[PDB]
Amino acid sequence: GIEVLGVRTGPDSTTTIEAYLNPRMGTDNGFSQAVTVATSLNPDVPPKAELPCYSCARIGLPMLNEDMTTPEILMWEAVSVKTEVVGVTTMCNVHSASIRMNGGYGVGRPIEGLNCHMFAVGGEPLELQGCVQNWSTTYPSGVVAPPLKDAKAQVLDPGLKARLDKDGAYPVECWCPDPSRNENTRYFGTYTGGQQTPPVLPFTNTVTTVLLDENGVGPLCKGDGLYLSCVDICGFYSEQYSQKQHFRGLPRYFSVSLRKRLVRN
C-alpha cells in the first residue's frame, strides 16, 4: 500500500533503539508454575500460570511529521537488528535442586527439552494465526486465545486472526506468526522438539540481521512506533523431589538501527 521514495540522510537521520523483553512463561521471573497434564482431551484446562506467552513492546520513536497532510511524509525504517538471548550461561547450573543424573549420585539435569525461539521487528504489531493442538482445550481467563468452535482450529482456519497487542497474554501454543500478513514485520522462529533435547544457544555481539526486503526496504514504523516481539522457551526445569516440570524462558535484548525514509502520503 505504501509508495516508498528515497532514504532521508543528514544529521539526526539515523537512530539506534536498545530494549530488552523479560520472558512470560506464566509467572514473572523466568519459569512457568509446575505444568499439569489433562488425562483426556476434554476437559483440558491449562491454568494461565502454566502457559508460556509471547513478549512484546512498542518503542516510541522521535516524532517526524508536524503536518500529516503533505503529499510526502517521513517514516522511521528499521534497517538491521542485533539480538541476543540473555542469561544463556545460567544453564551451566547443575546444583539448584534438579533430578540428579547417574541414578541420584551425579549432578542435576540442566534445563533441557523442547526449545522455541522467535524474534520479530516491525512497524506495527505482529500479526498472528490461531492454531491449537486440541480444539477441546479450555484456555484460561487472562489470556487471549482463538475461538474454538470446531476441530479446524487444529489446522488452518482463516477466521482465526489476531494482533500481538499485549505482553504476556497471547499463549505461544495457540498462536503463530501469520505468513499471509506481516508485510511490515520480519519474524525469525525455530522450534526444536523432543523430550530431553539439548538446548543449543549462541551468545555473541558480532551478528547483525538485515531487515531490508527484496527491494531494499525495511519495516516502516506507523505512528512512529517500533514493535518488538519474541519468545525464548529454553526447555524444562525438573523438580528433584516431585519431578514436576516448569517451562524456563530467558530474556531477549534488541538493538535496532533505523533511518528516515520518505514515502508518498
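Note that residue numbering follows the sequence shown and begins at 1.
On average, which has the higher Cα B-factor in the deposited entry, 158-166 or 109-117? Result of the comparison: 158-166.
Which wins on mean Cα temperature factor, 142-150 or 119-127? Looking at the recorded C-alpha B-factors, 142-150 comes out higher on average.
Would you mind finding, among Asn205, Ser55, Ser32, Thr69, the residue with the largest C-alpha temperature factor in the entry? Answer, based on the entry's C-alpha B-factors: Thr69.
Check the PDB entry and point out which of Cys221, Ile233, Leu41, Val37 has the largest C-alpha temperature factor. It is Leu41.
Sorting the chain's CA B-factors, does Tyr20 end up in the lowest, middle or highest third? It belongs to the highest third of the chain when residues are ordered by C-alpha B-factor.
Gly104 - which third its CA temperature factor falls in, relative to the rest of the chain: Middle third.
Lowest, middle or highest third of the chain for the C-alpha temperature factor of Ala49? According to the entry, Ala49 has a C-alpha B-factor in the chain's middle third.
Sorting the chain's modelled residues by C-alpha B-factor, tell me whether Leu226 ends up in the lowest, middle or highest third. According to the entry, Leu226 has a C-alpha B-factor in the chain's lowest third.
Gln243, C-alpha B-factor rank within chain (lowest, middle or highest third): As the PDB entry reports it, the C-alpha B-factor of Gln243 lands in the middle third of its chain.
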